[PDB]
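Chain nomenclature is as follows: A, B, C, D and E, assigned in order of appearance, with residue numbering initiated at 1 for each chain independently.
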Amino acid sequence: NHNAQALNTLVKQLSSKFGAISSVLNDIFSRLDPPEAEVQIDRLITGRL
Amino acid sequence: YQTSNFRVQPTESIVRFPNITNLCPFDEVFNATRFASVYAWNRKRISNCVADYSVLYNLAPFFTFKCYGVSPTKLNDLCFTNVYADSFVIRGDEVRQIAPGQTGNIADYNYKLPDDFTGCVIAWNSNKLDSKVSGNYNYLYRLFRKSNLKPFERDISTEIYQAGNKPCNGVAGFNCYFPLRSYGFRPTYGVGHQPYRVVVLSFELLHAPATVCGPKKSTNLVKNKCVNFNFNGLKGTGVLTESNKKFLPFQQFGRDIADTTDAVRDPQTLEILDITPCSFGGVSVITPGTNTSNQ
Amino acid sequence: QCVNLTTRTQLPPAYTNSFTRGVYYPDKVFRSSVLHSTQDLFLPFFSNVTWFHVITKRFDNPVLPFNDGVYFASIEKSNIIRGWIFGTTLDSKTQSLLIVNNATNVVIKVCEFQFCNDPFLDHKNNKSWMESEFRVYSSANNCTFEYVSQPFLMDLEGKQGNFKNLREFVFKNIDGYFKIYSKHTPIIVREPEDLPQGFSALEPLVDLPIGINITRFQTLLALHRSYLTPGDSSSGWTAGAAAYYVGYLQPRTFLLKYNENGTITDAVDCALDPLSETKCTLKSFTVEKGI
Amino acid sequence: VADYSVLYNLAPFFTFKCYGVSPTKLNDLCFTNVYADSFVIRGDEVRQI
Amino acid sequence: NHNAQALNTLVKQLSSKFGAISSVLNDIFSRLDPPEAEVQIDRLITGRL
């Protein structure tokens, strides 16, 4: 039970924004210029780490 | 030892946009004879047309072009829905007051933007059009009201405000204000009082069947191969396959537990496809030590 | 034009119970075999909804408030209820919204109407069942929005048998958009008009950018006038059996369950009980022994 | 304190033309060291208001 | 001793800004416009987590 629960929690934490405008990387890269997309992607990367 | 992961690479790229022919009526908006007053601003619906970004840059100088939630450069690579255009005219001093979250006469009594606004604001100076030598008085505004407006609301009612107590009840004497005023636009006031033309475009993205989207060409559709797909601006990489699901008419995408798209409606033939990562792996290498062999 | 319709009695408001009714699809995404938690304006479970009858002759159509939204349901048989008016004063001094259904097609207008004392509809010509008279407003001077939907054909049929039409609507007004959700159901009633138990989800229908301030509303009814209705426009009319219920939305948090095909089949109101609070914290519909 | 309670509500007011502060929150907003010009002009000079 | 000390540290850790302009939520919300107040608030939230 402990193993299955831990893995499911890890899989489900992927649908969080961490302050960014979206939880999808491709969508952040679209509709934004690089020097602004870098901040959002930084947020996402730190959260998942 | 564990070294790396093997990974199949994509073969080709495809694109799938809807087929619409006519251009959008951006002419009627930016080239109107006269603009409406800020207290009775206008709103027009733009739908079912191919948008464009070059024609603006091609016509008269349109400075102060600032957007929220999307960069101005990328507007031609996207696919929209529910596009609306609000146009009006103000003095050149108050153009800073058009932003999400602000204070001042216009923001509180004439035109409020929602705090989560996504869209673009355009403003440019117009003296050869709106200012006349004796001063144009057809452009009015509102100065008095009990409480602030909620986002995207208008008030055309005209009645005497009662600043103090003991309402005067339609005699319009002092201790009572007529809530509407007028701008003086003599072509001599200076930069800080010229009449400026403002247009606000609003829309929302990538969550419903779209009708206004930019100029791009469609490619044929290929199934059962690791490819680079792009459906209405939703880029991705993987394998596509015909589905068994059953979408309701107002749905276009489908999501899974991790909140990642894994089904999509093809916007030319109206069929449902399923998206899957193409390959994964782990590689481990067994060696007897380089002191013994190199095999 | 406007006539004064007297000869209808005064009775106190009747109340009934909402057995988990008034839930709608909150988004436009497909989901299946999942439990999803959402926060919005819903109708609380087991609420008291006001109950009106059109059966003296009991013509109740008062001017009701509009706090944050409205759940409107109507059990009927012959299409007596047709539409609604929304506004703040309704006296030509402020804008007001109008939704009507003629015998042909839907009409939506946001104009400075001057609504007179009693709006209604007439004719119901004997043996022909045709609609000809339209008595709602007196003038509509300044306005900006207008819409006439697709043409359809209302049979304008009368009915007195077992009720078979239950239509549910949800009305919301936020950020300049007026949102409508709807659902239909054929029901066997056999019983004293008490809002059958069950579960059913409403689906989005229309979104309108009207942009007005709304505080009150009221219902439009068509009236039955023929030979068995002796009298003029004030007395010579028939009722026809109909009933409708009104409830108000409030900000809640709900837990929803999608089956494998993608339809909402169950729900949990997280502010109803302590046990609902427990389920809504655990994100499950079942709980085991403990604290 | 700059209480204008018996100012905004006075009848004999003809020209209170205030260009950066709405006359309601005069009290809800502060200022700094105050310096008031009291003098007279004629009607042919109310242009100067 | 160990338990008491750990709790004291945890509690007193609530008066740090972690780089934001202030440690009071209402002070951050006012005095700033939303789209940049939110980054300060997220800074505080990450620190406390």
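Methods note: contacts are C-beta pairs under 8 Å (C-beta built on N, C-alpha and C of every residue); 3 or more make two chains touch, one makes a residue touch a chain.
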Exercise for review: Please give the pair of chains with the highest number of C-beta contact pairs.
Suggested key: B-C
Practice item. Averaged over CA atoms, how far is the centre of subunit A from the centre of subunit B? Could you give it in whole Å? Key: 24
Revision key, fill the gap. Chain centres from averaged Cα atoms put subunit D and subunit E apart, in whole Å, by 44
Practice item. For subunit B and subunit C, let me know how many angstrom lie between their CA-based centres, rounded off. Key: 33
Review point. Roughly how many whole angstrom separate the Cα centroids of subunit C and subunit E?
Key: 48
Check your understanding: Out of subunit B, which residues touch more than one other chain, so two or more?
Key -> 257
Practice item. State which pairs of chains touch, listing all of them. Key: A-B, A-E, B-C, B-D, B-E
Exercise for review: Name, in rising order, each residue of subunit A that touches subunit E in their complex.
Suggested key: 19
Practice item. Over in the complex, which subunit D residues touch subunit B? Could you list them? Key: 8-9, 11, 13, 22
Check your understanding: subunit B touches which residues of subunit A in the complex?
Key -> 11-12, 14-15, 21, 23-24, 26-27, 30-33, 36
Study note, to complete from the structure: subunit C partner, complex, touching residues on subunit B are 43, 45, 84, 114, 150-154, 156-157, 159, 207-208, 245-248, 250-255, 257, 263
Check your understanding: Which residues of subunit E touch subunit A in the complex?
Key -> 38-39, 42
